[PDB]
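Labels run A, B, C, D, E and F following the written order; every chain starts at residue 1.
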Amino acid sequence: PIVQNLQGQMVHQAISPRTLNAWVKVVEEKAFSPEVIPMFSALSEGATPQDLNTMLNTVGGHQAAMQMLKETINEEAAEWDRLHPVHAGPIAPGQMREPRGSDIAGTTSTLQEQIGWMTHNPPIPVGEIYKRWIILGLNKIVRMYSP
Amino acid sequence: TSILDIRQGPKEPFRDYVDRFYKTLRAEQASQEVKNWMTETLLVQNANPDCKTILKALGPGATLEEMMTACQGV
Amino acid sequence: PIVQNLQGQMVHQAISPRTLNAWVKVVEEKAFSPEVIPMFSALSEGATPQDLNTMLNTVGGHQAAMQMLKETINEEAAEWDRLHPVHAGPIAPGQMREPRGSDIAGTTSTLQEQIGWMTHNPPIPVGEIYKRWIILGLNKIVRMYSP
Amino acid sequence: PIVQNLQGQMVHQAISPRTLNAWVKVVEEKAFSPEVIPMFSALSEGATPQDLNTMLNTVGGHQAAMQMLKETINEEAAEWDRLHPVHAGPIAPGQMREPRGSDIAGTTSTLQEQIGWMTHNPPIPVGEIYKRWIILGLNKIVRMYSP
Amino acid sequence: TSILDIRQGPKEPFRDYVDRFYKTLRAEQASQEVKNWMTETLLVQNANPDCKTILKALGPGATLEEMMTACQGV
Amino acid sequence: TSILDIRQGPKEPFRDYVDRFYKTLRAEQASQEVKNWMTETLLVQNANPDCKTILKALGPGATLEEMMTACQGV
């Protein structure tokens, strides 16, 4: 995640193993139950896309759901690209590039790039955009997996 | 399971049923106004005859602590 | 929560997973027992509204009680709005807006807004107002759930 | 508790959850056994009255003993008020008020007031006065609960 | 369960009963004066005949360690 | 249980008894001088005849390792 250091700057720090394991354990115990979404939300505080793929990729089991989510993440990403067209002409030397759906999904962007966008002024909340897609896709799952 | 399929048993305490209701209501994502409509309507409707009778005597305007204490002996 | 940093300022820091889990475990083990209220009170030290909705939303089970509480929180909030009317004329550029019941419940306010009110001079204790509503609603529950 | 900060001043910091839980667990496991008193004493190092009521209020079970203790705390407090009369005339603007039995029990005093008394020069050890009452009342219990 | 419904068994140690009493008293929220009234009154009244007899011999002014040691063999 | 009620069984090792003694002595709060008096007195007095006999042969001035090794076969 990207956290504030004592000095008063935003720097990246790694997520903790008993945080990781707590994510694992939630999924083990409460599967598709709604409490998973606030839980997720708390444990995703200050998290990167990269950390969010890590969390999704580290799941075991419920592979039908994991595939449905993936496909929702790509749909929501396809929709990001649709709604926000690429911008006019070449990229400025003085500036950094606008993200695509795949940069938001973490796929085409690097960590330093993910830190550029979030730490820069104005900052862009690429975590929160992926977060809604995850929560939206979580609703899809919850609604389906209701019996 | 659908919200319409939530019903109170003939021997089931209301309390255990109301818990089931706001759990399933917790998995419904509808507008608040619709969920208010579901609250006043469906809860009583699928409540058992003995408690149903009881709840009819509370009239309208009733709140959950009073419903929950009203159907306790049933 | 909003905690004091080493430098001598009040800054926000996230709540810990084994704190979260300790909240979960209390509820699992002691359900509606009175010891839950001091316990809550200790674990809510320096907490935001946002963190308080997180704690309430992360409950599983006892949904009749969770609904009774919600409805108590809204009643107490409706009462906040009643007792404290909105103030005269437009909001000053030099000042920040007075809270409503829903800002206290965390709903209409953002985190930075919740930090503005608490860290600013004079500070306003929107945590402690929600805390009484929670404790009051906890009394309602305890009294009902006595057998 | 009130602890010394790195800067070299005495500031309040909250007590830790696994400290809280360790207090709980001691009581669960060793009930009225004598080892509870040194144990208490260690975990009460630098503690406030407020923290001491928190610890007593968070007990579950052994309610006959908890009531006997309460009643001992009030007796010892009644005795504090008896032995130390209130002082002559009005309270000085330049000074802060002398404590009563109920300020020692934490009841009539606020935290900032509890920090004033302890951090001020001379300091007054209102923790240690309550601590003896707790230990004294612990002897009463231990002696009774011997079989 | 209501505080009036708290009573001592015919074979139940007083001790186990006094624990039940201050647990239920712990869920009563009344003024201290009323709760003092409940203490001196209801506790003895719902105590069993054998201990009740014992407690009558302690007279008034009695404290909990002396009541608790007084009804120990009963 | 009172300190006077602490006694050694007819088949109980002294050792297990001495442990019981300083546990109960651990719940006595009396002056040290009185607790010294209890040590030299009550311990031997409630000790069983076979070990009691043994302890009488150690004479006075004896310390706990020597008492504890003295009554080991008993």
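As a working rule, contacts are C-beta pairs under 8 Å (C-beta built on N, C-alpha and C of every residue); 3 or more make two chains touch, one makes a residue touch a chain.
Could you let me know which interface, C-E or B-C, is made of more C-beta pairs in contact?
B-C
Work out which of D-F, B-C or C-E repeats the contact pattern of D-E, with more than half of the residue-numbered contact pairs in common.
B-C
Need the CA-centroid distance for the pair chain B / chain F, whole Å please.
The answer is 69 Å.
Can you give the whole-Å distance between the Cα centres of chain C and chain D?
28
Report, in whole Å, the distance between the mean C-alpha point of chain B and the mean C-alpha point of chain E.
Chain B and chain E have C-alpha centres separated by 40 Å.
Indicate the residues of chain E shared as contacts by at least two other chains.
In chain E, residues 26 touch at least two other chains, as defined above.
Going by the contact rule already set, what residues in chain C reach two or more other chains?
Residues 6, 18 of chain C touch two or more partner chains.
Taking the top-of-page definition of touch, could you list the pairs of chains it picks out?
A-B, A-C, B-C, C-D, C-E, D-E, D-F
Please give the residue numbers of chain C that touch chain A in the complex, ascending.
For this pair, the touching residues of chain C are 5-7, 11, 14-15, 17-18, 20-21, 54, 57-60.
Residues of chain A touching chain C in their complex?
4, 6, 8, 16, 18-19, 22, 30, 33, 35, 38-39, 41-43, 45-46
Within the complex, which stretch of chain D touches chain E?
Residue positions touching the partner: 61-64, 66-68, 71, 140, 144.
Which part of chain F faces chain D closely enough to touch in the complex?
The touching residues are 1, 24, 26-27, 29.
Under the definition above, what is the set of chain D residues touching chain F in their complex?
It comes out as residues 34, 139, 142-143, 146-147.
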